Number of protein chains: 2
Amino acid sequence: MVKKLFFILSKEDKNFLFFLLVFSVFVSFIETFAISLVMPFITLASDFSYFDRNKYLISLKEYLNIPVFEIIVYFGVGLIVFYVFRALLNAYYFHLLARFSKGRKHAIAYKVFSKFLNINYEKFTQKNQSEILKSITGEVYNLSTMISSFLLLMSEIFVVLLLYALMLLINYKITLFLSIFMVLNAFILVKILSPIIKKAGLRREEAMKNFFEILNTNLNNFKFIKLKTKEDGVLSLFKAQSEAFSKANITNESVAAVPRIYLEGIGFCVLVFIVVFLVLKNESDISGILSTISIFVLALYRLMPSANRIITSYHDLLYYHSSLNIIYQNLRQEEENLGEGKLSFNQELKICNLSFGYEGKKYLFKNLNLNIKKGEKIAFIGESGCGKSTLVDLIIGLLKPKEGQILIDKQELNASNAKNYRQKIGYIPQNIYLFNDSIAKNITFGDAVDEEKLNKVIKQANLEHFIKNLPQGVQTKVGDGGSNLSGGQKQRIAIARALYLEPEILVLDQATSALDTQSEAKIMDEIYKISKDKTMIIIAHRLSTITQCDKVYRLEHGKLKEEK
Amino acid sequence: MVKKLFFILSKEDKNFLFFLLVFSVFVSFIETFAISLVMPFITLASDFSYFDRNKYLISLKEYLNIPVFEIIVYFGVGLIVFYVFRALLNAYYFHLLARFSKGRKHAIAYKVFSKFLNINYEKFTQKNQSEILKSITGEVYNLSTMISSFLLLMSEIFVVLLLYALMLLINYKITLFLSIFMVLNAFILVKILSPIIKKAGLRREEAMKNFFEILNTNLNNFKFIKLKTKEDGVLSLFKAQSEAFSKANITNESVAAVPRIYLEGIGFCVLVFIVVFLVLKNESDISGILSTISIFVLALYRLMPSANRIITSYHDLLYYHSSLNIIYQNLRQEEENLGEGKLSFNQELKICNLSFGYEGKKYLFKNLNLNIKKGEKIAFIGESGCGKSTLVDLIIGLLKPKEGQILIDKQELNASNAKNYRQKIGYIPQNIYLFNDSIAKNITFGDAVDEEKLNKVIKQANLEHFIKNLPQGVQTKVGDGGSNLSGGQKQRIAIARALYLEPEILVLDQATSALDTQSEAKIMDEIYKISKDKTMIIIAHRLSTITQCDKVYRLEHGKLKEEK
């Protein structure tokens with residue numbers, strides 16, 4: 001269970017979080033060397049005796065150094081300097097807890113999250129977005145506040161063993177009491193209150209997952225649920241998650257408080273009964289139980305949190321940790337920074353012996369071959385998602401062939417020159433999930449504000465007649481989905497976001513002119529004269545727009561053939 | 001600032017959280033009536049004197065009730081019964097804190113979140129989804145754990161005033177000390193450590209917002225960012241948020257620990273000055289500072305949390321609270337449960353004098369009139385969003401007219417019979433945000449597993465030839481939006497999710513046959529013979545599919561006219 005922790009925190013985090021245990025264990029010696037001087041400076045204060053008594057204090061007052069006045073000044077100064085050094089120490093030794101916690105929360109989580117970008121786009125498109133986003137958030141904060149209390153458990157147990165090595169080793173009666181009354185409540189809680197708490201924590205984790213994913217599942221299609229506008233759908237579905245997260249979070253945060261209450265109870269009690277046993281021959285009182293009780297109460301309060309944080313973090317480590325590190329070996333070991341190489345598309349692009357499929361799956365290409373010289377302007381009139389959306393995307397640079405090759409000018413561009421060709425093609429998705437911004441955003445997307453490129457693309461895009469019509473112009477709001485940036489605008493901004501990287505493969509990969517019909521007529525002056533410089537791919541199961549193509553591979557069952 | 005709190009918690013929560021203050025203030029009298037007996041039972045224990053001395057104990061031992069043996073048994077029993085009643089009370093009086101906190105977290109938040117479903121779909125579509133989802137989550141947990149410590153501040157101040165009303169009212173010297181040393185650190189913290197902490201909290205809130213929204217902004221278009229596959233984009237953008245949330249969360253959680261450290265510091269220091277000032281002839285001492293110091297330390301620890309929780313919750317209440325309750329008066333007061341009425345579409349549907357726009361805004365219709373008998377099968381070659389999506393939607397059942405009326409069989413269906421007509425039309429969005437499920441989900445969506453309806457629709461939908469081709473069939477996993485649930489699959493499932501509510505207005509509101517071209521040829525046997533029973537609306541800026549329509553209102557600048 002603790003493997004994934006030293007497996008998530010790299011050498012940097014390991015070194016700096018291994019020294020932290022030393023800091024907390026060594027500062028417990030300060031909070032037991034400056035805090036266990038209280039009795040001495042309260043018992044040497046009334047009366048001014050003590051130094052004319054006992055072997056130690058009489059062999060110390062016989063050091064003839066001084067009297068009993070300047071010693072109080074010196075001791076008060078060393079105690080306020082010990083307290084001031086204790087606090088000056090506590091600043092950085094409690095302000096590093098947030099560096100470890102919120103650090104990994106907002107360093108590790110980010111690194112591993114965007115680490116899921118080196119993966120093949122297949123499985124990245126074979127897992128719900130709700131699942132991905134719900135994970136990269138609450139689990140991060142949870143395991144962050146769960147890691148930063150699982151290293152305060154050993155410091156307090158070592159400080160308790162170190163408090164017992166002097167006040168119970170020593171002391172003998174307090175030895176038996178600190179080895180019987182600190183282990184008699186160690187099984188009363190960590191066996192009876194542990195399991196049910198763990199189960200509550202797991203139930204809470206599943207509840208959180210379910211909730212997040214469901215709500216985001218009602219989020220993407222805000223419309224059909226407002227088509228019926230069902231308070232049925234809305235209230236009931238959201239109340240599944242509402243009441244679930246309610247009962248779960250509440251039960252968790254309540255059972256989490258059971259520990260400290262039971263610790264206090266056992267403390268004041270296990271005082272009472274043992275006090276009631278021996279009441280017929282005393283006939284003396286003394287101390288010895290004072291310091292013992294104060295120390296065992298302090299230690300009990302310092303291991304109660306160890307217990308609770310254990311119960312909850314044992315439910316939080318099973319959640320992420322594995323699911324966040326294991327999907328980082330089939331996804332980062334993938335198309336990561338080319339492969340120290342690149343290629344050129346001066347000749348043709350041949351497919352040759354395709355044969356691919358999904359992660360299930362059933363093959364659909366099965367030894368398929370085709371070629372296209374750099375400028376052929378091909379088209380694929382087939383089955384879409386069983387033809388178009390699949391074969392054309394496979395033809396891009398993503399989705400490794402299950403038996404193919406694909407050669408750009410006779411160079412074998414497999415998982416090698418991948419990055420050096422991925423950044424060498426267009427897109428234009430017509431139904432593009434544009435993000436709220438200002439017209440020019442995205443447009444250039446990840447380029448820049450090249451103006452000379454911005455304006456030129458804007459005029460190239462047959463959209464200058466609605467951009468000049470805009471209110472703020474190139475900085476005109478877009479909203480998001482709709483958001484006038486629909487087909488007409490959306491797809492203009494799409495061919496434009498596709499002209500922003502320029503060369504050299506203009507795949508349709510969407511809709512033959514998004515929506516409008518004069519668009520295969522008005523963006524043909526962009527699709528057939530402007531775009532007369534390169535190699536264009538077409539996802540047209542329609543007509544018209546392929547009035548300037550050359551190869552029309554019809555993918556029947558179960559192979560392609562450029563009918564033309 | 002505390003207005004929105006009694007404005008968020010309804011009468012139920014108000015009554016049950018008003019009694020909580022009484023419970024915590026009255027149990028402080030128990031934790032000061034059972035905890036302040038310690039001295040008495042430790043000072044009457046050594047020696048067995050005391051009762052043969054002092055007016056009180058000698059007038060109490062002269063009660064002749066008993067001796068000094070059975071009294072210890074009785075007192076130990078009442079102390080273990082007071083402690084046991086203290087704990088038995090602490091159970092429910094610490095397990096209601098999670099009921100108030102996690103309750104409103106997972107009751108109030110849900111209620112108000114889905115409360116945003118009664119709103120007009122206009123502004124619900126004029127605000128980013130990232131903004132909506134990032135709010136309905138972290139802000140909920142934050143204000144939940146922020147509310148459940150803002151009511152523990154008055155109980156500890158009232159218990160401190162009640163501890164001072166007996167140990168400092170009384171005591172006189174401890175009166176002056178409890179009115180000077182509890183107010184001298186009350187401005188050292190709540191003026192110097194308050195402001196910067198508040199600013200850190202707000203900075204952290206903004207950071208959290210920015211981060212969440214940004215990451216969700218890279219989430220929706222996982223493709224173009226994998227088109228360039230930019231570790232530039234990925235790492236840099238995500239690192240803005242990473243380092244931001246890092247510094248913010250860490251600074252917040254560190255400065256949040258400043259209070260208790262400074263409280264301890266001031267405590268031991270002040271004690272040191274009180275022990276170092278008067279030290280020129282002592283020789284002899286007493287108590288009076290023991291109980292005083294213990295009590296002021298306990299109270300200081302119990303108001304330190306008051307201070308910190310104040311500093312953070314003052315930054316968390318400004319976040320939600322307002323933004324979560326104020327958008328519940330223009331959004332719930334809206335189309336909420338019809339208006340005790342309904343209507344019938346036995347005659348025609350007239351528009352008459354549209355003239356609508358938005359909240360911006362520049363009108364688009366400008367006095368527009370048109371009518372359509374129930375079965376006309378109309379089409380709008382406008383431009384969508386501004387004509388199709390607009391007119392179709394507006395006259396659909398959403399987006400209140402800015403000057404119109406719309407009559408279904410002469411009945412004025414404004415904001416009244418709305419719900420009784422919203423649940424009386426189709427949809428089919430072609431590019432439908434399909435969830436991750438099993439073919440039949442959604443299909444029926446919010447209906448049921450009507451089988452006789454399920455199978456019948458499935459065969460009606462011209463998709464039986466790919467459903468029978470599926471692996472798990474009607475329970476075939478839909479990937480995401482495909483995967484395999486492609487254009488044909490999506491739009492088949494769309495016309496099908498539209499046939500699931502059946503009658504009576506079959507709007508296109510998307511794509512003239514989504515993608516495929518034999519689809520206006522193969523789903524015409526669904527669009528022109530099956531769908532020969534009702535009134536169909538068409539969002540076709542294309543051709544073909546409107547080979548069976550009757551009115552083709554072309555919306556030029558700036559009005560419509562059924563050219564036909």
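This entry lists X-ray crystallography as its structure determination method and reports a resolution of 5.9000 Å.

Draft legend 1. Region of interest: the overall build of chain A. In terms of regular secondary structure, chain A is built from 25 helices and nine strands. Compactness check: chain A gives a C-alpha radius of gyration of 36 Å against a globular reference of 24 Å for 564 residues, more than 25% above the reference. By sequence separation, contacts in chain A at least 24 residues apart represent 76% of the contacts at least 6 residues apart.

Draft legend 2. Fine view of the sheet that holds strand β2 (residues 371–373) of chain A. All names here are of chain A. Taken in spatial order, the four strands line up as β2-β1-β4-β5 in an open sheet, and their pairing is antiparallel. Each edge of the sheet is formed by a strand with only one pairing partner; in this case those strands are β2 and β5 (411–412). Here strand β1 (residues 348–350) runs beside β2; their pairing, made up of three bridges, is antiparallel. The residue of β2 that forms the bridge with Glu348 is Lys373.

Draft legend 3. Quick look at the pairing of strand β7 (residues 535–538) of chain A. All names here are of chain A. In this sheet, β7 lies alongside strand β3 (residues 378–379) in parallel orientation, the contact comprising two bridges. Counted as the bridge partner of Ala379 is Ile538 from β7. Here strand β6 (residues 505–507) pairs with β7 via three bridges, running parallel. Counted as the bridge partner of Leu506 is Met536 from β7.

Draft legend 4. View of the relation of the copies chain A and chain B. Here chain A sits on chain B after a turn of 180 degrees about the axis and a move of 0.2 Å along it, with an RMSD of 0.5 Å. This pairing of chains is accounted for by a two-fold axis. Ranked by how close their C-alpha atoms come to the rotation axis, the residues of chain A are headed by A:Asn431, at 3.7 Å. Both copies present the same face, since 84% of the interface residues in chain A are matched by interface residues at the equivalent positions in chain B.

Draft legend 5. Spotlight on the UniProt feature "transmembrane region" in chain A. All names here are of chain A. Summarizing the sequence annotation, UniProt attributes the feature "transmembrane region" to residues 16–38, 77–98, 150–170, 174–197, 255–276 and 293–314 in the numbering used throughout. Strand forms 0% of residues 255–276 and helix 91%; the C-alpha atoms that close the span are 31 Å apart. In the segment residues 293–314, helix accounts for 100% and strand for 0%; the C-alpha atoms at its two ends are 30 Å apart.

Draft legend 6. Representation of the UniProt feature "binding site: ATP" in chain A in the model. Mapped onto this structure's residue numbering, the UniProt feature "binding site: ATP" falls at A:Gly382, A:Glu383, A:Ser384, A:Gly385, A:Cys386, A:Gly387, A:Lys388 and A:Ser389. Considering the arrangement of structural elements, one finds A:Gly382 in the loop between β3 and α19 (388–394). Checked against the element boundaries, A:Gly385 lands in the loop between β3 and α19. If sequence neighbours within four positions are ignored, A:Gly385 has contacts with A:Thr390, B:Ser483 and B:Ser486.

Draft legend 7. Inspection of the interface of chain A and chain B at higher detail. Taken together, the contact pairs 37 residues of chain A with 39 residues of chain B. Of all the elements in the fold, those that place two or more residues in the side of chain A that touches chain B are α6 (97–106), α7 (108–114) and α15 (231–255) of chain A. Per-element tally for the side of chain A that touches chain B: the top contributor is α15(A), with ten residues. The class makeup of the residues in the side of chain A that touches chain B is twelve nonpolar, 18 polar and seven charged.

Draft legend 8. Structural view of the domain arrangement of chain A. We note that the domain assignment places domain 1 (1–338) and domain 2 (339–564) within chain A. A separation of 54 Å is found between the C-alpha centroids of domain 1 of chain A and domain 2 of chain A.

Draft legend 9. Summary view of unusual backbone geometry. Of note, the amide linkage connecting A:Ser46 to A:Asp47 takes the cis form, showing an omega dihedral of 0 degrees. Within the secondary structure, A:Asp47 sits in the loop between α3 (38–43) and α4 (55–60). Geometrically, the link from B:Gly360 to B:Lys361 is a cis peptide bond, its omega value of 0 degrees lying close to zero. One can find B:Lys361 in the loop between β1 (348–350) and β2 (371–373). With a phi angle near 45 degrees, B:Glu451 is a residue other than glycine that sits in the positive phi range.

Draft legend 10. Main features of α15(A). Under the 1.5 Å per step criterion, the end-to-end length of α15(A) is 34 Å for 25 residues, consistent within 8% with the ideal 36 Å. Considering bend angle alone, the principal kink of α15(A) is centred on A:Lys239 and spans about 30 degrees.

Draft legend 11. Broad picture of the sheet that holds β3(A). Read from one edge to the other, the open sheet built from three strands follows the order β3-β7-β6 (chain A), with strand pairing classed as parallel. The outermost strands of the open sheet, each flanked by one partner alone, are β3 and β6 of chain A.

Draft legend 12. Quick peek at the environment of B:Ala98. One can find B:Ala98 in helix α6 (residues 97–105). For the pair B:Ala98 and B:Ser148, spaced 50 residues apart in sequence, the C-alpha separation works out to 7.9 Å.

Draft legend 13. The arrangement of the environment of A:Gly341 in detail. By the secondary structure assignment, A:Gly341 is in the loop between α18 (322–325) and β1. Separated by 182 residues in the primary sequence, A:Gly341 and A:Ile523 have C-alpha atoms spaced 37 Å apart.

Conventions and cut-offs
Residues numbered from 1 in each chain as written, not as in the entry; some residues may be left out. Chains lettered and ligands numbered in written order. Heavy atoms only, no water. Residues with missing side-chain atoms left out of burial classes, pairs and counts. Helix = DSSP H or I, 4+ residues; strand = E, 2+ residues; numbered from the N terminus. Rg over C-alpha atoms; globule rule 2.2 N^0.38 Å. Contact = heavy atoms within 4.5 Å. Pairing = 2+ DSSP bridges. Least-squares fit on C-alpha atoms. UniProt positions renumbered as here; feature names shortened; annotations may be inferred. Nonpolar A, V, L, I, M, F, W, Y, C, P; charged D, E, K, R; others polar. Domains from an automatic or database assignment. Expected span 1.5 Å × (residues − 1). Bend = angle between axes of the 7 residues up to and from the residue.

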